[PDB]
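In the block that follows, a single chain appears as structure tokens, in the form deposited in one PDB entry.
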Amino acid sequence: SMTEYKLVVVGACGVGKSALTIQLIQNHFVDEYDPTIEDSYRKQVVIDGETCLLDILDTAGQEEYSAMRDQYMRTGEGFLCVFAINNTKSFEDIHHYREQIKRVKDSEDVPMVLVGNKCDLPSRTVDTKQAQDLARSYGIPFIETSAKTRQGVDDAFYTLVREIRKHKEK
């Protein structure tokens, strides 16, 4: 049999939400920035021996249109919360995204993964310990990724599915 998971990718503008999604779906990376309005993708994978369909909603970094963003969060089962390791403000923004998800879904325990993207770059401003400490404070995993080299891309999405499955056991 299989299962299906609604995954939602959120985070500040330009952190690599789409590049991570496109690596997962289409196995390529481009330097050109194509700013998102909204896109959805589907992919069949096997995670821990269990086949599933991933429904990935790639959201824009903006946080206006609360009516639409609240609906994203209501429908979503797990959330990739992405920042870029060379953008301190995008790391500081993570708290707001998490608070909105908890509010909309009426829960302190929502499946989430903290993703520190662009780890290929030499311009780091957020160190790993900072991110691990933040993820620890939330009780969620932290995954370092590069959409450019594909480092950690599968891990980030697969870990999120593992988080959903753990939550469903409760």
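One-based numbering along the sequence shown. By rigid core we mean the largest C-alpha set that fits within 1.5 Å across both forms.
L121, present in the displayed chain, carries coordinates in each of the other PDB entries compared that cover both sides of it, far from a third leaving it out.
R69 is a gap in at least a third of the other entries compared, counting only those with both neighbours built. Mean CA temperature factor is higher for 128 to 136 when stretches 128 to 136 and 47 to 55 are set side by side in the entry. Taking the mean C-alpha B-factor of each stretch as recorded, 27 to 35 and 114 to 122 are not equal, and the higher mean is that of 27 to 35. Residue-level temperature factors show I143 in the middle third of its chain, judged at the C-alpha atom. The deposited CA B-factor of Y72 belongs to the lowest third of values across its chain. When the modelled residues of the chain are ordered by C-alpha B-factor, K170 sits in the highest third. Sort the modelled residues of the chain by CA B factor and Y97 lands in the highest third.
One more form of this protein, deposited in another entry, exists but is not displayed; see below.
With the core held fixed by superposition, the comparison between this form and the one not shown singles out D34 as the only member of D34, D120, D133, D127 whose CA moves by at least 2 angstroms.
In this overlay on the rigid core, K102 has a C-alpha that sits less than 2 Å away from its partner position between this form and the one not shown.
In the core-superposed comparison between this form and the one not shown, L53 has its Cα shifted by less than 2 Å.
Core-superposed comparison between this form and the one not shown: CA of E144 displaced by less than 2 Å.
Relative to this form, the distance between the C-alpha atoms of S40 and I25 is reduced by at least 3 angstroms in the other form. A shift of at least 3 angstroms pushes the Cα atoms of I94 and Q62 further from each other in the other form than in the displayed structure.
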